[PDB]
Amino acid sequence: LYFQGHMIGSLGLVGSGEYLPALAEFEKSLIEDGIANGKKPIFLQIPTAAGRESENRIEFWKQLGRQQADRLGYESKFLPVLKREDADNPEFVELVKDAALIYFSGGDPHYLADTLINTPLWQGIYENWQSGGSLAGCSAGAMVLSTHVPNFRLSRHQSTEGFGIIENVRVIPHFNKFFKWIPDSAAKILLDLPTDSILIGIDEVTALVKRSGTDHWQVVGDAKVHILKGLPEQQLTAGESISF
């Protein structure tokens, strides 16, 4: 009991597919990881990346996440943090401090970062993770965990500051589809920032996880993780491991 809370929680990087059946056992395992570390068995869902979207869009995120949590057997807590003022809500800051899993769903990574960076809510999430709660981000939610977020509209020298908890790794999500959606100029920024060390791509419905109590990363889900820069080029499938 009083040996709990000394280990950093599991960290999940998801390329797409949050809250869907195909990643249901992955999300459950993250909740189990935080439970084992003594955290309340809640699936805390943070949709701030979508905070500029329609009121119906946000409710759709809520109901998507609620239905996943129901399938897995854990109470969900949707935190409707949609603008930066909401990240000061002391109720929300109290909730994130004891959560088996905290999940950033997809949307706009620049808005996600700008809205939560250096807020009391983020400090709570960080403390929860540092004390054994699982933390995951999907698509935009994975991008903002690095030190910097690429801005296609600008240049490689005008990245948005992220939360910086994976210090030497950055993620390109939706890897198998992203480059069909943007021009070559944007692709060059996405693939090469001056702040990069190790750069990886995560395909849709695929994840990379560093489990609590381990120091390696393991691939989960339907497709591949691509090692792009800072280590030899490599493609990994479900079950494979790598150290960064």
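Residue indices: 1-based, along the sequence shown.
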Study note, to complete from the structure: Quick note on 190 to 198 and 58 to 66: per-entry mean CA temperature factor is higher in 58 to 66
Point to revise | Stretch with the higher entry mean CA B-factor, where the candidates are 49 to 57 and 36 to 44 | key: 49 to 57
**Study point:** Given 152, 74, 122, 129, the residue at which the Cα B factor reaches its maximum
**Key:** 152
**Study point:** Highest-ranked of 117, 93, 171, 140 once sorted by CA temperature factor in the record
**Key:** 93
Point to revise | Record-listed C-alpha B factor of residue 87: chain third | key: middle
Exercise for review: Grab the CA temperature factor for residue 178 from the record and place it in the lowest, middle or highest third of its chain.
Suggested key: highest
Point to revise | Ranked against its chain, the third holding the CA B-factor of residue 98 | key: middle
Practice item. Within this chain's modelled residues, let me know which third the CA B factor of residue 27 belongs to: lowest, middle or highest. Key: lowest
Review point. Residue 80's Cα B-factor: lowest, middle or highest third of the chain?
Key: highest
